[PDB]
Amino acid sequence: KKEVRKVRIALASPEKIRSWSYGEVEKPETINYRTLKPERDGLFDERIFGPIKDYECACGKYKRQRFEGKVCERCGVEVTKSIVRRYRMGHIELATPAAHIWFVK
Amino acid sequence: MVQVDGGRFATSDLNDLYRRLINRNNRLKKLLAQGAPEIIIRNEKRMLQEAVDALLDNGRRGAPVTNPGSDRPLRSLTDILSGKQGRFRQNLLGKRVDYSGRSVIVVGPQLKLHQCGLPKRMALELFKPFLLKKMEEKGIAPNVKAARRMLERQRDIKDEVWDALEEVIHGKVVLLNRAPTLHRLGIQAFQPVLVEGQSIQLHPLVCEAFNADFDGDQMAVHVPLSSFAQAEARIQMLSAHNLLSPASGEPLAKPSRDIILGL
Amino acid sequence: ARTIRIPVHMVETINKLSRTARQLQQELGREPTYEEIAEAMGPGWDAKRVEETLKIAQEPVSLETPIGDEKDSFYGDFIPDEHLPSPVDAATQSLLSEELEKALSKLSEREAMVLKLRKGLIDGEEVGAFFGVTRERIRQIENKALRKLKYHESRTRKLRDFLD
Amino acid sequence: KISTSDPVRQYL
Amino acid sequence: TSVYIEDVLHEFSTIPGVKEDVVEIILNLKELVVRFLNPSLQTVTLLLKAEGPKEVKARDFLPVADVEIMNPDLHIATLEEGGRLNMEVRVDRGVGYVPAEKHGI
Amino acid sequence: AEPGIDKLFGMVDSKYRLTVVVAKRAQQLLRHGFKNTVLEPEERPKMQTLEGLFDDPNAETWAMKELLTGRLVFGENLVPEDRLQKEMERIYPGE
Amino acid sequence: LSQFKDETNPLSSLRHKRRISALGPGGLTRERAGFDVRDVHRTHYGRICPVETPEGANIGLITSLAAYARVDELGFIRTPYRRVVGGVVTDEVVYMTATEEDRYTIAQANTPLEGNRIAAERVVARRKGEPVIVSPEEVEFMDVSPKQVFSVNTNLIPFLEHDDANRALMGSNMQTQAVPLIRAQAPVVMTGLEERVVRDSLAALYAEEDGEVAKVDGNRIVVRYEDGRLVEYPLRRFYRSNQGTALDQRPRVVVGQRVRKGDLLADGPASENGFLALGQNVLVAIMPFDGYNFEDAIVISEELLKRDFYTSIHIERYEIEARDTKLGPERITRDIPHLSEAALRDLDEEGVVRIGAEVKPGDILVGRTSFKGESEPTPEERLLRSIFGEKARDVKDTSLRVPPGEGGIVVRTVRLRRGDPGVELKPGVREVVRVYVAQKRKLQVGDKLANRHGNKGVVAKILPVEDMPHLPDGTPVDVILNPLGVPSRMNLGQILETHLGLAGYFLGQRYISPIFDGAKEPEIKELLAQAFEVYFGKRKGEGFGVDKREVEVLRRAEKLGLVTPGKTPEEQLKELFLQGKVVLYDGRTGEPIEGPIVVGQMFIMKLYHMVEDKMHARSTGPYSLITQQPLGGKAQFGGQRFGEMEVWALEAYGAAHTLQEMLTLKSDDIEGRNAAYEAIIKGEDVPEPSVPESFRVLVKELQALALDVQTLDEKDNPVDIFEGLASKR
Amino acid sequence: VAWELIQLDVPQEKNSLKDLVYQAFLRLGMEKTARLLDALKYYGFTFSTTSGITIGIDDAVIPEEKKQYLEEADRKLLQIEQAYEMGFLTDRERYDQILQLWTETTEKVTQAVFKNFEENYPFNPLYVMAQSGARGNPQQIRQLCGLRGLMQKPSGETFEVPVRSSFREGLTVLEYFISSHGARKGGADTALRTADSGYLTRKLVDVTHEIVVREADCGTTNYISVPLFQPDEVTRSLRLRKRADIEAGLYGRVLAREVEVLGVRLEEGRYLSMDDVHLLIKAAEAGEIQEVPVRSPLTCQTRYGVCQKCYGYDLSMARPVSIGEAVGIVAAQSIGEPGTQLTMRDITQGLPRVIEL
Amino acid sequence: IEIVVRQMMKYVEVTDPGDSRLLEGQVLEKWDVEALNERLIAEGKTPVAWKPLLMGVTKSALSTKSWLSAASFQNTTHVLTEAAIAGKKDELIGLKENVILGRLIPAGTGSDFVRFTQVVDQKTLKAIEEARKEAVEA
Ligand SMILES: CNC(=O)[C@@H](C)[C@H]1C(=O)/C(=C(O)/C=C/C(C)=C/[C@@H](C)[C@H]2O[C@@]3(C)O[C@H](C=C[C@@]34CO4)[C@@H]2C)C(=O)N1[C@@H]1CC[C@H](O)[C@H](C)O1
Ligand SMILES: [Mg+2]
Ligand SMILES: [Zn+2]
Ligand SMILES: [Zn+2]
């Protein structure tokens, strides 16, 4: 609503890493051929990043705009189009830390 | 992750690097749990680190490759932001305007600085939405979707449509661009006077502002959509208002070659 | 090893497929049509099967690869988009919903909403579609309201121009 | 420096 | 104003036993000058059919009552053997230049 | 060129201001109804398929043709921001 | 290194076959400069054309070779130089290596020669890259020809001698862009190789050995050799050139004709009579018109269209495939699921379009049916189908249509179905369907024509023969070229052509002016003198003398200084004619154009129209997958690029919104462009821009890396770009 | 008012016209000017068609003096040769002496051809174009009627032998191969220029974009003094600067302090019109001022930005600058375009220098 | 040329510190800011002694206030690193930085001087004063 008048780059707190994130990508499972759907919890999971469809859910318990801001009881999907799928962030929880090369080199 | 051809698929190189990290991160966890021989734990933590670099920026330290096929640096997030031609980079090379057009130019001697000859056929696509509605305001079409299919084929246009477009463009104006836009006058606004054919009728006097001769140089053309963009475009960007150059208080609407010779 | 997971069976399968193509390259001088491969492979092998397997064997390509003349060409600008309503579609849903919404109100809610909601709100059951009133009142109002609606929409032609 | 050699040397 | 070769469908075709191509002939026809005597003649269809080892000139068109051909010796085509050419060339009374695209007869 | 563009330029303190006026005037000319004008009677805006420009061709060609006259008033802060849109809806019909 | 054959017109392909490139192995010369290499080295004599280089980016890295140039044993362009022992010149030639060329004192061909005798004591020669006035006794070797100095493509230019080497380049590359006209004429003035070009290129068909002609079809010429043999010579009726130009062989020999060995039986795509012929010789006045010819614009006489003069046949090859989707094969049938039979007419053959059918933009060239969704049906579309006709073929209309721009009449079609003969069908590819379409291109205002010298220009106005410049005898000019385009550029050669051309018009003859040895200013004034009698001699006998007008322009002409005061008009006009200019009346007013104006037969070709020429206009359309900026392809034109250079342009102006629009609503504002359209559709003053996806793409790209970029408020506080999708759950 | 601003005492060159335009712009009003513009455009176009000006071959007239100037300089070359055949002049001296012979001889034929036209054919087609602001370059004309004389070798060392021919007569075979040598070199430089032009303008925008006219007359009066005279053409002699540079310096500026010069009192803060910058010069001619106090961007106080009084006049319009104009770029541009022209007509010139500056 | 050159000297060196250590190259006017208020509004004359610095157009821009602008050309990689660490608040002024945002240009009609300007008809003038008249209670 308010005009954007200042942009600001700032370092990332690991707690802020998690703040932006949804779920933890914990397995190298892209998509499995038989069903061009997201494999397990992996990189493309619908809980972690979102629904791959207009206003509809993954299973379809709720399918139009009337309840646009609520999530499905058995599976989780709050909807506006697949754009949420392209804007949301997930995070990987590192075992033993490593460091940014942007700062080290 | 997309479906190409034959069932070929296409995915942003980022995903091969992500899997890198995830597999190693995971293998790490299982390696700690299983029991942990030092050498093997570091060995992995090393790879892990390296991986974490990969997604962020590839090449600062070694360069990751997709399996034998392309010894190519998988675009790292950094390469994304920077790259040969990347994110802020081609951000600034350019993006493609939605209501644009481009044809060969041709001298429009009778035309006045004020206007410019624009192919009706071009006008149609350019001012399509502005026309659709104007069609509904008249009897030509019942609705938009109608007005749409009414124009989806060339043989189906009633001559009443041209009278609608010619009515839509009444006092609106467009912008014309030249090959190297070197100065601000490299883009000028004029009133379109719809004409037949393919070529774009340009005024002779402004041929000096745009470095444009007629052996084939093509000029692009844009459309001011907001009532504001239009306001500025025809008030402070139109041709006949900017007669004196910003470089020198010398005119730029000077009688070029033919006019002098005559006079 | 791959971007798209493939079970161990499919793997050995692909190795067998590969090895077989090798022995077949041995003498023909003709990279085997998917006929040979089926044969040489064994019991249940056919053309559809081999064309499929080798289609899965091709690893993906890079959405980001050097394209055209290798200067500065990145592969993903070319792929169009499908879910996103190109303007043309957004305009559709606007008239469609406003006009569909105008008709839905001028009618009797009883069997119009039933079929509007049963069809346009949840999933695609004549009997199970109406509340307490049985099938005979359903077909009754469905087919009589659906036609009055269609025939007056025939008069003031708004829908005729197939929005699709 | 380069990763293979270091581990090889490491356990060898 | 219009031509109909009987076995030919498009303007860019070639007729066997006929040295000239459709476009060359349709061109030679533009060269043909006719003259009718009264208003009653707005659109006259001239007919001509010649076969075998003969040269087809404009005099070969079957005579029509109120129309005269001033361009008899003009060359239409050179037929070899088994050369079958049977056409119907329209003719009208108009003014100026009208591209074949403009009228579409 | 355009009618009295000099005369216009002169009525403003800044060139870029004139452009904002005309544009915001053209806005309201259409929104609240196009008859929201100050000079319609004897010599007014006109187009020729008929003399029909009198109804809705170009919005700002009007704005300018009005501003050129001394009836409008453009200030930095002339009338309070939200009370303006209310009084305008109340007085001008056509929707 | 290997590329599409550039056969716009034979000459073109011939050149492309002999062109030399750097960019190769990478071992020899890459993109870094090596500046010295790009320039025309001294040794490039007779070995490479000095003109032959693409002004621009790749500037000196490419070029076609020269006339007599030949690769001896190992790729060393040896250029020929004849020997001259003492003051004696020989007809013997030595193809010399670059190196050895410097050891000798070589002389140019222009040296007055008596045969074997050099004729002037102080005659030019050039030792090693240095111009040196040598003596007959030092002249060791001599140049072979003026021709060997350049390339074929260049050698074809009339008076190359009088044209700036810079513009002569344009002239050479122009010919490489010449399109075959159905009516091909040779130049009123030629250099001498037009013959050898068509011949050595393989345009026209020549007779092997002497004999007589048996049959002369429009498709074959079976000649009978005196050896007791006869062979059928097919003629590529109408074939598709790589760049879509017609290649037809029109028989020039009648039935039963004794042919000399090596005589043209048929003419190639662009030959008149065994002579190269591109574009056509047109009478032309060289004066200024209103503005129709202002910087480089050309005014053309409608009359040029009356006759089918500049007209060219084009063919585009539309192709569609029946792909195998896992949703169900894409069938190719006359079936087009949703609306009319009116559009199905020309789709005569079930599925394909009927040959000879006139296709306009938006007609079905071929039909095809693929499946509706990715995997599932449609709930909303479920209701609609049921309402008026549940039983609705759920198949999608994916049919090859005529792309905007143009089509003509279908001339040929090809379909390859299931049981393939000996063809290669790609995988997934069920079947292919080609549709060759042809169209006549009559000259129009969009087009560009240009003579061999370099004067390039576009048609700006087609004038009615009614009022364009007309000579005293009713014959009017076809094209009016602006003079101004001549001083700046320096190619008087064209003005020399026009003059010889005028003579050839009344004298009804064509000529051959070699490269630098050709015609001379006095010889032309000579032919002009002969032309004056055909022009004005008939005028004398036909019964009339001189106009008030003709006398009047004479008055202003002597005051000018073109005619010797005191001589009779008859005599004055001769003088005036010999100068290459004659009196012209307006055409619109009938009055004369104060001052004599030159006119003559100048050859002018028409240039090929690239795909870009199809002016691209795009309203809305597709968008790239990762970058959300407009993208075209098949049928939607694709947006124009708004570059930084252009941004600044706007920036300089007070174009705030107009620049915003260009960055938001028009290209990246995802939610923007959508509400944008819809708003326009309802006649709503377009909405105020939402955040651009380039911005959001960035922020996230940025978030992908540790950095956190958060926008802020008036007081340092959050604000939100990602509308409501970033808050969690 | 149409008579006051026009000079009917001469043939209308593009400059006279240019001038007319300008004058009409300050005097009568913007749109009223536009009218005159098209008016001129119209009759210019018409009158051009009827005039019957046309290129022909005999119109490019070769002077009768060409054969003279040639032969005279021809025999003089013989001298230079006898002078070397004996041992007097070093290998080098000969060379530099020869080129001097031609460089002078060529320039001689050039003023010769013009004098020809000037005296005998005032209305030569090829000539009026060049005289009128129309089309034609003295150096170009010389290539047609007189002759193009010296072409350089690959490297840069000019050739010893000239190009005896004109375009009117057959430019022979080798004078044509030499023309090539330099031609390639030229096309090259042109594309570099184009690149490096964008180079420059790019850089310029990066440093200048933020600069924007947003103000109230910035109160810091620190001003620059514009010099009307230059020190060293010849060692030391004070001289009036040229009419254009001075214009460049003072046109539409804002006087920092008041200046009383020829009788008129230019007040403080006043924007000096071209008419005023024409007074100050007429005054410096008389000897009343050697410098001029004037506001300028180099001395502005507004951190990010420049003010009305310090920028000046020049919007595309001739009045004061209008607040909110994007000067930063307006500037960056005027400088990036001409750059493409920066030809090089161990020291540096042309664009290479504008980079080093 | 002046407008440009000026920007090649928008920066100077520091030899007598106050807020930030000495060897630093910073924007000339930004020091005129510090010194101005440090001697006039807040006491204690801590003269900030600088040294006019001449840096080339390339460098002048290569290093500037807004990181947005800097990320555009030199090293996107370093430009950010630093801008991050320090928590830089890019005040949008200037057209390059404000363009990436897709925000209205700071220059042009985007002038804070005229972004706000309303128009009236004498008829709506009396209409609003009537609303004021109505403010009179009872
Ligand atoms: C900025 N450059 C300068 O001015 C100085 C510094 C210096 C320099 O840096 C140069 C160059 O960087 C240019 C390299 C070239 C010719 C590159 C090719 C690849 C180019 O070729 C063509 C084909 O394509 C492109 C662009 C143009 C080209 C040439 O046509 C393309 C870019 C240069 O010429 N200098 C001269 C040297 C001699 C001497 O020492 C003199 C003082 O300064
Ligand atoms: Mg050009
Ligand atoms: Zn669900
Ligand atoms: Zn100031």
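The rules behind the values
- Residues numbered from 1 in each chain as written, not as in the entry; some residues may be left out.
- Chains lettered and ligands numbered in written order.
- Part of a larger assembly, values for the part shown.
- Heavy atoms only, no water.
- Residues with missing side-chain atoms left out of burial classes, pairs and counts.
- 1 Å grid on protein atoms, 1.4 Å probe; cavity = no way out; pocket = protein on both sides within 12 Å on 5 of 7 lines; lining within 4 Å.
- Points joined across faces, edges and corners; volume = space filled by probe spheres on them.
- Helix = DSSP H or I, 4+ residues; strand = E, 2+ residues; numbered from the N terminus.
- Nonpolar A, V, L, I, M, F, W, Y, C, P; charged D, E, K, R; others polar.
- Donors = N, O, S within 2.8 Å, 3.2 Å for Na, K, Ca; no water.
- Buried < 20%, exposed > 50% of the residue type's maximum accessible area, 1.4 Å probe, protein only.
- Near = heavy atom within 4 Å.
- Polar contact = N/O pair within 3.5 Å; in protein donor to acceptor, adjacent residues only side chain to side chain.
- Areas by Shrake-Rupley, 256 points an atom, 1.4 Å probe, with all protein chains shown as cover.
- Contact = heavy atoms within 4.5 Å.
- Patch = residues over 30% accessible without salt bridge, like charges linked within 9 Å, V, L, I, M, F, W, Y side chains within 5 Å.
- Salt bridge = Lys/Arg side-chain N within 4 Å of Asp/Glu carboxyl O.
- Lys, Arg positive; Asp, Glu negative; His and termini not counted.
- Charge placed at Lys NZ, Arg CZ, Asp CG, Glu CD.
- Pairing = 2+ DSSP bridges.
- Axes fitted to C-alpha atoms, helices over the stretch in contact; angles between N-to-C directions.

Going by the header, the method for this PDB entry is X-ray crystallography, and the resolution given is 2.40 Å.

A.B. asks: Just to check I follow, could you spell out empty space enclosed by the protein for this structure?
C.D. replies: Remark: the empty space left among the atoms is shown by a probe the size of a water molecule rolled over them. By volume, the largest cavity amounts to about 160 Å³. Around the largest cavity, the lining is made up of 13 residues, and of these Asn91, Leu92 and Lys95 of chain B, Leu663 of chain G together with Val99 of chain I lie nearest the centre. Residue assignment for the lining of the largest cavity shows that the elements contributing at least two residues are α4 (87-93) of chain B, α14 (657-663) of chain G together with α6 (95-100) of chain I. Partitioned by chemical class, the residues of the lining of the largest cavity number eight nonpolar, four polar and one charged.

A.B. asks: Which parts of the structure should I look at to understand the coordination of the magnesium ion (ligand 2)?
C.D. replies: As a benchmark, a tetrahedral metal site with four donors has ideal angles of 109.5 degrees, while an octahedral site with six donors has ideal angles of 90 or 180 degrees. All names here are of chain B. Binding of the magnesium ion (ligand 2) to the protein goes through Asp213 (OD), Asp215 (OD) and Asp217 (OD), at separations of 2.2 to 2.4 Å. Ordering the donors of the magnesium ion (ligand 2) by residue number gives the pattern D-x1-D-x1-D. On the accessibility criterion, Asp215 (17% relative accessible area) is buried.

A.B. asks: What's the story with the site of ligand 1 in this structure? I'm lost.
C.D. replies: Residues in contact with ligand 1, as listed here, are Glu31, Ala33, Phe35, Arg38, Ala57 and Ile59 of chain G together with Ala188, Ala191, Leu192, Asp196 and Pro352 of chain H. A distance of 3.1 Å separates an oxygen atom of ligand 1 from a polar side-chain atom of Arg38 of chain G. Interatomic distance of 2.7 Å between a backbone N/O atom of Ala188 of chain H and an oxygen atom of ligand 1. Within the complex, the protein chains bury 46% of what would otherwise be the 840 Å² of accessible surface of ligand 1. Of all the secondary structure elements, the ones that give two or more residues to the shell around ligand 1 are α2 (35-38) of chain G together with α7 (174-208) of chain H. Per element, the largest residue contribution to the shell around ligand 1 is four residues, and it comes from α7 of chain H. Taken together, the residues that form the shell around ligand 1 break down as eight nonpolar, no polar and three charged.

A.B. asks: Explanation requested: the arrangement of the chains in the structure shown.
C.D. replies: Taken together, the 18 pairs of chains in contact show their highest number of contacts between chains B and G. One thing to see here is that chain A and chain D don't touch, and their nearest C-alpha atoms sit 14 Å from each other. The two partners chain D and chain I share no contact, and the minimum distance between any of their C-alpha atoms is 22 Å.

A.B. asks: Would you mind showing me how to read a positive patch on the surface here?
C.D. replies: A contiguous patch of positive charge, built from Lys112 of chain B, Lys7 of chain F together with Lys32 and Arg35 of chain H, is present on the exposed surface. One can find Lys112 of chain B in the loop between β4 (100-107) and β5 (115-119).

A.B. asks: Quick question: what am I supposed to make of the sheet that holds strand β14 (residues 229-231) of chain G here?
C.D. replies: Residue and element names in this part refer to chain G. Here three strands make up an open sheet; going across it, the order is β12-β13-β14 and the pairing antiparallel. Edge positions in the sheet fall to β12 (211-216) and β14, since each has one partner strand and no second. If you compare each strand with its neighbour and ignore which way they point, the axes differ by 20 degrees on average. With three bridges connecting them, strand β13 (residues 221-225) and β14 associate as antiparallel partners. Bridge pairing links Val223 to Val231 in β14.

A.B. asks: Explain the coordination of the zinc ion (ligand 3) here, please?
C.D. replies: Residues and elements named next belong to chain A. In the first shell of the zinc ion (ligand 3), the protein supplies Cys57 (SG), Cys59 (SG), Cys72 (SG) and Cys75 (SG), at 2.3 to 2.5 Å from the metal. Mapped onto the sequence, the residues coordinating the zinc ion (ligand 3) show the spacing C-x1-C-x12-C-x2-C. Placement of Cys57 in the loop between β2 (21-24) and α2 (83-87) and of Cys72 in the loop between β2 and α2 is noted, with a sequence separation of 15 residues between them. Summarising the burial analysis for this pair, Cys57 and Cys72 share the class buried.

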